[PDB]
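Structure file protein_14.cif with mmCIF, C-alpha atoms; chains and numbers go by the auth columns:
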data_entry
loop_
_atom_site.group_PDB
_atom_site.id
_atom_site.type_symbol
_atom_site.label_atom_id
_atom_site.label_comp_id
_atom_site.label_asym_id
_atom_site.label_seq_id
_atom_site.Cartn_x
_atom_site.Cartn_y
_atom_site.Cartn_z
_atom_site.B_iso_or_equiv
_atom_site.auth_seq_id
_atom_site.auth_asym_id
ATOM 1 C CA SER A 1 -9.011 -29.279 22.946 0.00 7 A
ATOM 2 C CA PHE A 2 -11.976 -26.989 23.701 0.00 8 A
ATOM 3 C CA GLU A 3 -10.262 -23.633 23.067 0.00 9 A
ATOM 4 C CA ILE A 4 -9.860 -22.146 26.564 0.00 10 A
ATOM 5 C CA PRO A 5 -11.970 -18.935 26.619 0.00 11 A
ATOM 6 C CA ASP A 6 -10.311 -15.998 28.418 0.00 12 A
ATOM 7 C CA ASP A 7 -13.780 -14.527 28.880 0.00 13 A
ATOM 8 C CA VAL A 8 -14.992 -17.127 31.400 0.00 14 A
ATOM 9 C CA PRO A 9 -15.081 -16.206 35.129 0.00 15 A
ATOM 10 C CA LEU A 10 -13.381 -18.513 37.661 0.00 16 A
ATOM 11 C CA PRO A 11 -15.184 -21.383 39.466 0.00 17 A
ATOM 12 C CA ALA A 12 -17.574 -20.735 42.329 0.00 18 A
ATOM 13 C CA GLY A 13 -16.737 -18.118 44.993 0.00 19 A
ATOM 14 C CA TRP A 14 -13.509 -17.245 43.149 0.00 20 A
ATOM 15 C CA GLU A 15 -12.119 -13.760 42.471 0.00 21 A
ATOM 16 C CA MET A 16 -8.799 -12.577 41.007 0.00 22 A
ATOM 17 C CA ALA A 17 -6.978 -10.348 43.493 0.00 23 A
ATOM 18 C CA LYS A 18 -3.449 -9.191 44.324 0.00 24 A
ATOM 19 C CA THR A 19 -1.273 -9.792 47.386 0.00 25 A
ATOM 20 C CA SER A 20 -0.438 -6.931 49.780 0.00 26 A
ATOM 21 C CA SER A 21 0.513 -5.297 46.459 0.00 27 A
ATOM 22 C CA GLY A 22 2.758 -6.991 43.867 0.00 28 A
ATOM 23 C CA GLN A 23 1.676 -10.591 43.148 0.00 29 A
ATOM 24 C CA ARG A 24 -1.608 -11.350 41.361 0.00 30 A
ATOM 25 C CA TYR A 25 -3.482 -14.417 42.638 0.00 31 A
ATOM 26 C CA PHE A 26 -7.022 -15.809 42.853 0.00 32 A
ATOM 27 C CA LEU A 27 -9.123 -15.660 46.031 0.00 33 A
ATOM 28 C CA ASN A 28 -11.305 -18.645 46.992 0.00 34 A
ATOM 29 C CA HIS A 29 -14.547 -17.750 48.795 0.00 35 A
ATOM 30 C CA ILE A 30 -15.388 -21.467 48.931 0.00 36 A
ATOM 31 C CA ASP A 31 -12.249 -22.714 50.665 0.00 37 A
ATOM 32 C CA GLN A 32 -11.499 -19.244 52.018 0.00 38 A
ATOM 33 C CA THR A 33 -7.987 -19.342 50.537 0.00 39 A
ATOM 34 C CA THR A 34 -5.946 -17.847 47.717 0.00 40 A
ATOM 35 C CA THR A 35 -4.348 -19.259 44.569 0.00 41 A
ATOM 36 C CA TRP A 36 -1.009 -18.603 42.863 0.00 42 A
ATOM 37 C CA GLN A 37 -2.290 -20.418 39.780 0.00 43 A
ATOM 38 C CA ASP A 38 -5.517 -19.759 37.855 0.00 44 A
ATOM 39 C CA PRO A 39 -8.372 -22.237 38.477 0.00 45 A
ATOM 40 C CA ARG A 40 -8.841 -22.392 34.697 0.00 46 A
ATOM 41 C CA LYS A 41 -5.796 -24.676 34.807 0.00 47 A
ATOM 42 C CA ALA A 42 -5.763 -28.454 34.229 0.00 48 A
ATOM 43 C CA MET A 43 -3.441 -31.474 34.548 0.00 49 A
ATOM 44 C CA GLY A 44 -0.089 -30.264 35.929 0.00 50 A
ATOM 45 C CA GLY A 45 3.228 -28.674 34.888 0.00 51 A
ATOM 46 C CA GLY A 46 5.579 -28.045 37.835 0.00 52 A
ATOM 47 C CA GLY A 47 7.549 -25.042 39.141 0.00 53 A
ATOM 48 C CA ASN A 48 7.522 -23.211 42.496 0.00 54 A
ATOM 49 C CA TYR A 49 5.575 -20.024 43.308 0.00 55 A
ATOM 50 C CA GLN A 50 6.340 -17.014 45.537 0.00 56 A
ATOM 51 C CA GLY A 51 5.843 -19.341 48.511 0.00 57 A
ATOM 52 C CA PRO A 52 2.657 -20.467 50.322 0.00 58 A
ATOM 53 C CA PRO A 53 -0.495 -18.441 49.487 0.00 59 A
ATOM 54 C CA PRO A 54 -2.186 -16.917 52.585 0.00 60 A
ATOM 55 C CA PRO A 55 -5.990 -16.525 52.887 0.00 61 A
ATOM 56 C CA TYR A 56 -7.350 -13.867 50.527 0.00 62 A
ATOM 57 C CA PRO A 57 -7.351 -10.374 52.122 0.00 63 A
ATOM 58 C CA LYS A 58 -10.273 -9.904 54.542 0.00 64 A
ATOM 59 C CA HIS A 59 -13.181 -8.197 52.744 0.00 65 A
#
Encoded form using structure tokens:
Amino acid sequence: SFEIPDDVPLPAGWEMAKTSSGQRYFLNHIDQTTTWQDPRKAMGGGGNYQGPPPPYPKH
């Protein structure tokens, strides 16, 4: 139950970013991909997102 701290950066090579301009997601510099969910997640819940997340925006 370790209180989840909202002041803790994402994993390694991660960076919160937004899509072309409207959906917030998390970039992955390790797997060179993006994320509709926050890495600070755990277990599972369910639900669909805005579709498949493309590779974070170049640069």
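Against this structure, the PyMOL selection byres ((chain A and resi 25) around 9) ends up with residues 23, 24, 26, 27, 28, 29, 30, 31, 59, 60, 62 and 63 of chain A.
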Okay, now the selection with C-alpha atoms, as a CSV table (one decimal), keeping the file's coordinate frame?
chain,number,residue,atom,x,y,z
A,23,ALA,CA,-7.0,-10.3,43.5
A,24,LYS,CA,-3.4,-9.2,44.3
A,26,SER,CA,-0.4,-6.9,49.8
A,27,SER,CA,0.5,-5.3,46.5
A,28,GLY,CA,2.8,-7.0,43.9
A,29,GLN,CA,1.7,-10.6,43.1
A,30,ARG,CA,-1.6,-11.4,41.4
A,31,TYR,CA,-3.5,-14.4,42.6
A,59,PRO,CA,-0.5,-18.4,49.5
A,60,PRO,CA,-2.2,-16.9,52.6
A,62,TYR,CA,-7.4,-13.9,50.5
A,63,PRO,CA,-7.4,-10.4,52.1
| task | Kindly resolve the PyMOL selection byres ((chain A and resi 33-42) around 6) on the present coordinates and return the residues as a ChimeraX atom specification. | result | /A:19-22,31-32,43,59,61-62
Would you mind reading off the distance between atom CA of residue 15 of chain A and atom CA of residue 65 of chain A, one decimal, in Å?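 Between atom CA of residue 15 of chain A and atom CA of residue 65 of chain A the gap is 19.4 Å.
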Atom pair atom CA of residue 11 of chain A + atom CA of residue 58 of chain A, distance 27.9 Å
Computed gap from atom CA of residue 10 of chain A to atom CA of residue 49 of chain A is 13.9 Å
Practice item. For residue 16 of chain A, please output as JSON, numbers by chain all residues within 8 Å (counting all atoms listed in the file; exclusion window: fewer than 6 positions along the same chain). Key: {"A": [44, 45, 46]}
Is it possible to add N, CA, C and O atoms to segment 37-48 of chain A and hand it back as a PDB file, keeping the file's coordinate frame?
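So rebuild10.pdb came out as:
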ATOM      1  N   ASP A  37     -13.210 -22.140  49.688  1.00  0.00           N
ATOM      2  CA  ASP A  37     -12.249 -22.714  50.665  1.00  0.00           C
ATOM      3  C   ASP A  37     -11.586 -21.589  51.450  1.00  0.00           C
ATOM      4  O   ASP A  37     -10.654 -21.797  52.201  1.00  0.00           O
ATOM      5  N   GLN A  38     -12.074 -20.401  51.285  1.00  0.00           N
ATOM      6  CA  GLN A  38     -11.499 -19.244  52.018  1.00  0.00           C
ATOM      7  C   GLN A  38      -9.974 -19.272  51.910  1.00  0.00           C
ATOM      8  O   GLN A  38      -9.270 -19.246  52.901  1.00  0.00           O
ATOM      9  N   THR A  39      -9.459 -19.319  50.715  1.00  0.00           N
ATOM     10  CA  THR A  39      -7.987 -19.342  50.537  1.00  0.00           C
ATOM     11  C   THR A  39      -7.612 -18.534  49.309  1.00  0.00           C
ATOM     12  O   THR A  39      -8.430 -17.868  48.713  1.00  0.00           O
ATOM     13  N   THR A  40      -6.378 -18.599  48.921  1.00  0.00           N
ATOM     14  CA  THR A  40      -5.946 -17.847  47.717  1.00  0.00           C
ATOM     15  C   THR A  40      -5.347 -18.824  46.711  1.00  0.00           C
ATOM     16  O   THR A  40      -5.305 -20.016  46.941  1.00  0.00           O
ATOM     17  N   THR A  41      -4.908 -18.341  45.584  1.00  0.00           N
ATOM     18  CA  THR A  41      -4.348 -19.259  44.569  1.00  0.00           C
ATOM     19  C   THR A  41      -3.243 -18.576  43.770  1.00  0.00           C
ATOM     20  O   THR A  41      -3.427 -17.504  43.229  1.00  0.00           O
ATOM     21  N   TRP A  42      -2.107 -19.204  43.660  1.00  0.00           N
ATOM     22  CA  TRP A  42      -1.009 -18.603  42.863  1.00  0.00           C
ATOM     23  C   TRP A  42      -1.255 -18.950  41.401  1.00  0.00           C
ATOM     24  O   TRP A  42      -0.785 -18.287  40.498  1.00  0.00           O
ATOM     25  N   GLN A  43      -1.995 -19.998  41.171  1.00  0.00           N
ATOM     26  CA  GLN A  43      -2.290 -20.418  39.780  1.00  0.00           C
ATOM     27  C   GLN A  43      -3.757 -20.134  39.466  1.00  0.00           C
ATOM     28  O   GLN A  43      -4.577 -20.010  40.354  1.00  0.00           O
ATOM     29  N   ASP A  44      -4.102 -20.032  38.212  1.00  0.00           N
ATOM     30  CA  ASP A  44      -5.517 -19.759  37.855  1.00  0.00           C
ATOM     31  C   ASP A  44      -6.305 -21.067  37.893  1.00  0.00           C
ATOM     32  O   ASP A  44      -5.829 -22.095  37.455  1.00  0.00           O
ATOM     33  N   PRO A  45      -7.506 -21.029  38.400  1.00  0.00           N
ATOM     34  CA  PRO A  45      -8.372 -22.237  38.477  1.00  0.00           C
ATOM     35  C   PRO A  45      -8.664 -22.784  37.081  1.00  0.00           C
ATOM     36  O   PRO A  45      -8.944 -23.951  36.901  1.00  0.00           O
ATOM     37  N   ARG A  46      -8.585 -21.937  36.089  1.00  0.00           N
ATOM     38  CA  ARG A  46      -8.841 -22.392  34.697  1.00  0.00           C
ATOM     39  C   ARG A  46      -7.674 -23.261  34.237  1.00  0.00           C
ATOM     40  O   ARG A  46      -7.427 -23.425  33.057  1.00  0.00           O
ATOM     41  N   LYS A  47      -6.955 -23.815  35.165  1.00  0.00           N
ATOM     42  CA  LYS A  47      -5.796 -24.676  34.807  1.00  0.00           C
ATOM     43  C   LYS A  47      -6.275 -26.114  34.589  1.00  0.00           C
ATOM     44  O   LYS A  47      -7.458 -26.386  34.553  1.00  0.00           O
ATOM     45  N   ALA A  48      -5.362 -27.036  34.445  1.00  0.00           N
ATOM     46  CA  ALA A  48      -5.763 -28.454  34.229  1.00  0.00           C
ATOM     47  C   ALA A  48      -4.513 -29.334  34.173  1.00  0.00           C
ATOM     48  O   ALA A  48      -3.455 -28.900  33.761  1.00  0.00           O
TER      49      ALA A  48
END
